[PDB]
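Coming up is one lone chain in structure tokens, specifically the form deposited in one PDB entry.
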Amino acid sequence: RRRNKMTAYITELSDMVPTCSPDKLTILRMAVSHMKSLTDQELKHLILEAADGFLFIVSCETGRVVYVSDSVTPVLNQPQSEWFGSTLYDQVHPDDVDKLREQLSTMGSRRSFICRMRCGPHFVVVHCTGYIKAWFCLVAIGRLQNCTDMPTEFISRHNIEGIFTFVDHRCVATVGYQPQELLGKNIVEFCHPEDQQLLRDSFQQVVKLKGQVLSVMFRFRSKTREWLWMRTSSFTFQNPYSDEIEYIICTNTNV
């Protein structure tokens, strides 16, 4: 087994080094000569490729940066001059300055924190790892890694009865109700009586058919007291550990 893999390794090294691409022992001295014809600067490119991050060394006290890698421009669309010559407190979300003070406070101790940085007002979430190196400075790489409510539909969560236990803001545009008006009440209360039974049937089925998505339509009573036709597609959500029925997840869509 050893001989075959050794020969395959020599062949790989020959197929890899193209300047004798066929003797044997000379391949090794050739490989050393082709290796001496060449690993430091490319680690930054590897970090930028995998993690989409940039290095920066920042003064621990004043927050003024003392160095910033060029990769700040790929990451945050920000010129190197915009970062060099300023403090991190200016390059971060205002509500994020306090945390920064706790992270920049003071020692080769590590540092790991998340913060919203300004990019080229638009803020982006940046995960910063690094360590404290006296120069006191913090040398750290920071990397980059739905919000629909803040409108044809809105999603809601219900208990088994139908009581709104959660509603996203889109309701205020679809049915016209404030979330407080729907929460705490059963969905059948907002149904035209001629449809109520049908609705209830679905709520008995989505529980009886656990994990399957059913869809029923009914005339929702809107804030303007209109009978707005609506297609609710709902399913039962289950706790991945104990399979515990957690709530019925409905998606009420104006139709």
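Start at 1 with the first residue shown and count on from there. For clarity, a rigid core is taken as the largest C-alpha set superposing within 1.5 Å between two forms.
Quick note: we don't show the form deposited in another entry, though the next part is all about it.
Asks: Determine, after fitting the two forms on their core, whether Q238 shows a C-alpha shift of 2 Å or more between this form and the one not shown.
Replies: Comparing forms between this form and the one not shown, the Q238 CA shifts below 2 Å.
Asks: Given a superposition on the rigid core, I'd like a yes or no on whether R64 shifts its C-alpha by 2 Å or more between this form and the one not shown.
Replies: Not so; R64 is displaced by less than 2 Å.
Asks: Note yes or no: does the Cα of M30 move by 2 Å or more between this form and the one not shown after the core is superposed?
Replies: Shift at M30: 2 Å or more after core fit.
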